[PDB]
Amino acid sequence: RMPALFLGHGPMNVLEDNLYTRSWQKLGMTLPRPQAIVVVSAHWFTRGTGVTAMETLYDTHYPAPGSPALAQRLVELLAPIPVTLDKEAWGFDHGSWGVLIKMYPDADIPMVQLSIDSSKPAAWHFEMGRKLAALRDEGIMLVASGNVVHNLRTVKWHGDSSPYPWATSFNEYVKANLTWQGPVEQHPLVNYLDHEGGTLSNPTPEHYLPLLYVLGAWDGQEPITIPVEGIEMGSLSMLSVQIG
């Protein structure tokens, strides 16, 4: 049974870097090797849900082989959710590419990209991870990447380095509610904009929503882990989450 992973993304490198990259490389050594991976990124935020099997914007290159079989299986599992199927791969954002180059350096794990539907509310994205859960017993690792705090208008690129108190506030409300159980509509992490708090940490939903894909996939029983965490440049949250 494969784990699902939400990674806070960014180290702005690298090669021989930091705590985060060593946590990614990390889980790539330590976690059960997947038959294939469904990648969810903050940066594939589209009207409607798209899927690529990667049979062919960003100053990056991650030549993982595609899995047309997993793509079709994704489309079927999601039906009647209408899915658009791209032939070509989508470019990987620097952050996602940064997680993947550290995690599985050799780009030898077959892969599908899944996009996040803009037009849908948080509860729906949580329901998505509920549907993706079945794939975890079929040798498939879910890797979602984004940032539970993500306001680049508040980011302090040089000085000083302490976490803004509102950043730590929202982040702790995230961590304290990972294991919440009950109706989806009443989930604190689904109703995240109910926090002070919420809109300032996430003025648009895309960097936060990927966590819900991972949380949607939790059975209520298996452990939930935090392989690495951190708030960089005052408001970039680096909170990573392991399900199972």
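Residues carry their position along the shown sequence, with the first being 1.
Unmodelled stretch of the deposited sequence separating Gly234 from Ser235, binned as none, 1 to 3, 4 to 9 or 10 or more
Unresolved stretch here: none.
Unresolved deposited residues lying between neighbours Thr56 and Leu57
According to the record, 10 or more deposited residues lack coordinates from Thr56 to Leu57.
Mean C-alpha temperature factor, higher of 206-214 and 178-186
Comparing 206-214 with 178-186, the higher average CA B-factor belongs to 178-186.
Tell me which stretch, 89-97 or 154-162, has the higher mean Cα B-factor listed in the entry.
That would be 154-162.
Which of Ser201, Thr30, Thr60, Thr49 ranks first by CA B-factor in the deposited coordinates
Highest C-alpha B-factor among the listed residues goes to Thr30.
Sorting the chain's CA B-factors, does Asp106 end up in the lowest, middle or highest third?
Ranked within chain, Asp106 CA B lands in the highest tercile.
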